Ligand code: HEM
Ligand SMILES: CC(C)CCC[C@@H](C)[C@H]1CC[C@H]2[C@@H]3CC=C4C[C@@H](O)CC[C@]4(C)[C@H]3CC[C@]12C
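Numbering (the authors' numbering), first residue to last: 7 to 251, 259 to 406, 408 to 474.
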């Protein structure tokens, strides 16, 4: 076992690395920086940038050793701006922000109503409804444009789908974002949500307290956005308590069981919504882009989906269990375009990775973006081939939703929502890339295309 002060990397120039990070770009190419640090220092490197320091690994085997020492209450990197808001408004921490036994106490209660197979089946009809209204929207636009084609950047529309779907199952109501003229309350709500994400980006590395001290508009807009979101939750709590005197949605059932305080219920319902809007819509954007750029894969998925429709006789539950290549396509999209460039875990016990001593408490990150594009771990990584996941075994290769007790609590909701989306979309339309020109990726909260993706939709 080699000492901890011998791990390769640049940790010996933490202040020079901070200057190199902010002098130009930097906060836009964190995923590209991760690739080179692995291609220069090997399967493990130790990084220090200012007061930030971490050990990074890329091999799935190493990720297994890491997830075995996360402890009973695993802890990742915190969302500085999001926590700052709860402290400023004296709001409770949700399941995403909590730690220690407080997180586990809440996580176990939330799991029953968010990720258990019992409630997943109660969501399929709700999600399918939203997915049916999305296909209706596309048909209208194809009518307007004429010639049976609609070339458009779907970024905004997918964001609406993700937000409409998530809020349907969380609050039990349709915001109506997919209409041509949504009501003002829902338009201001989606604008607040959008503004909430736009202001969180500059405060990922810029201390929120500093922006608050100078009364920056970035901090004030962040507070105004979260205010609208938390108010909307109260509106749904008030309407539910009035209906009191079925009950669809996570919010209603949590208020009926009453196992968590309403304050802790308000906090978790809000962080659940924020965790599945940008993530789901972006993953769908990359999926549609890769399908249009790999039309052969699109036909294969369309073939399997159509077959599943007949062999199920309308039964959605049966149909969702008959689309293996569709679930593999989701994995293949999250391999090339992970919503999180890395998973983080604070070590609770001394471990050894690549014959190196890793002291307890050290922050260790699993570079998802570097793993997905390494030819060693994935042969032909740059090819979008969903078959590489079918009848192959992995687990520690498909870490898109994390792993362990503190994995993504919405994975099944997202997987269902994206499967139902692709099912309805591929049954109705063919997606074609306007031009096979290359689209580069950039970092900003998640992996987003540097420039809008123009896709063409034709009825089929
Ligand atoms: C493509 C869709 C999605 C992707 C790729 C994704 C990815 C992730 C990842 C990687 C994590 C951290 C895993 C870890 O640290 O081990 C996470 C956590 C989380 N996700 Fe998702 N997510 C998606 C959709 C959703 C949805 C629809 C929800 C709805 C509630 C959601 C809610 C959450 C929450 C609350 C957490 C934090 C849970 C905790 O820390 O205990 N996500 N997600
Ligand atoms: C629970 C998480 C992982 C799911 C996705 C949430 C998205 C919207 C946001 C919220 C806080 C953000 C994280 C804040 C801090 C870091 C550490 C840095 O080195 C890379 C980005 C990373 C890791 C950000 C990634 C995206 C992040 C996780």
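Ideal Cβ placement from N, Cα and C applies to all residues, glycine included.
- Annotated three-state conformation of residue 417 is coil, per DSSP.
- For residue 288, the distance from the CB to the nearest heavy atom of ligand 2 is below 7 Å.
- Collapsing the DSSP output to three states places residue 430 in a helix.
- If you compare the alpha carbons of 342, 344, 397 and 333 with that of residue 430, the shortest gap goes to 333.
- One thing to note: residue 474 has its Cβ within 8 Å of the Cβ of residue 443.
- By a beta-carbon distance limit of 8 Å, residue 228 contacts residue 209. Their separation comes to about 7 Å.
- Residue nearest to residue 284 within the set 324, 440, 235 and 66 is 235 (criterion: CA-CA distance).
- With respect to the C-alpha of residue 471, the residue from 16, 461, 160 and 31 having the closest C-alpha is 160.
- Within 7 Å of the C-beta of residue 423 there is at least one heavy atom belonging to ligand 1.
- One thing to note: residue 178 has its Cβ no nearer than 8 Å to the Cβ of residue 269.
- Residue 315 is positioned such that its CB atom lies no closer than 8 Å to that of residue 72.
- The chain-ordered list of residues whose CB is nearer than 5 Å to some heavy atom of ligand 2 reads 83, 85, 210, 353 and 459.
- Restricted to the segment 310-368, the alpha helix (DSSP H) segments that are unbroken, complete and at least 4 residues in length are 329-333 and 337-349, listed in chain order.
- One thing to note: residue 310 has its Cβ no nearer than 8 Å to the Cβ of residue 392.
- Ligand 1 has a heavy atom closer than 7 Å to the beta-carbon of residue 113.
- Within the segment 148-235, the complete beta strand (DSSP E) runs of at least 3 residues fall at 156-158.
- By alpha-carbon distance to residue 299, the top candidate from 343, 289, 281 and 274 is 343.
- Under the three-state reduction of DSSP, residue 134 is assigned to helix.
- Collapsing the DSSP output to three states places residue 460 in a strand.
- By the C-beta criterion, the segment 432-442 is judged to be in contact with the segment 137-150, since at least 3 inter-stretch pairs fall below 8 Å.
- Under the three-state reduction of DSSP, residue 115 is assigned to helix.
- Counting every other CB atom within 10 Å of its CB across the protein chains shown gives residue 409 a total below 16, marking it as exposed.
- In the DSSP assignment, the residues bridged to residue 472 are 444.
- Annotation for residue 205 indicates a beta carbon at 7 Å or more from all heavy atoms of ligand 1.
- Set against 7 Å, the gap from the CB of residue 356 to the closest heavy atom of ligand 1 is smaller.
- Only buried fits residue 355, as 16 or more other CB atoms lie within 10 angstroms of its CB.
- Distance between residue 339 and residue 175, taken at the CA atoms: about 22 Å.
- Residue nearest to residue 395 within the set 145, 313, 346 and 132 is 346 (criterion: CA-CA distance).
- Residue 428 has its Cβ nearer than 7 Å to a heavy atom of ligand 1.
- CA-CA distance, residue 81 to residue 304, rounds to 36 Å.
- Taking 8 Å as the cut-off, the beta carbon of residue 295 is found no closer than this to the beta carbon of residue 453.
- Burial state of residue 104 is buried, judged by a 10 Å Cβ sphere holding 16 or more other Cβ atoms.
- Assignment of residue 101 by DSSP, reduced to helix, strand and coil, places it in the coil class.
- No Cβ-Cβ contact shorter than 8 Å links residue 289 with residue 460.
- Taking a contact as a CB-CB distance under 8 Å, the pair residue 8 and residue 369 counts as one, their CB atoms being some 5 Å apart.
- In the structure shown, residue 62 adopts extended strand secondary structure according to DSSP, grouped into three states.
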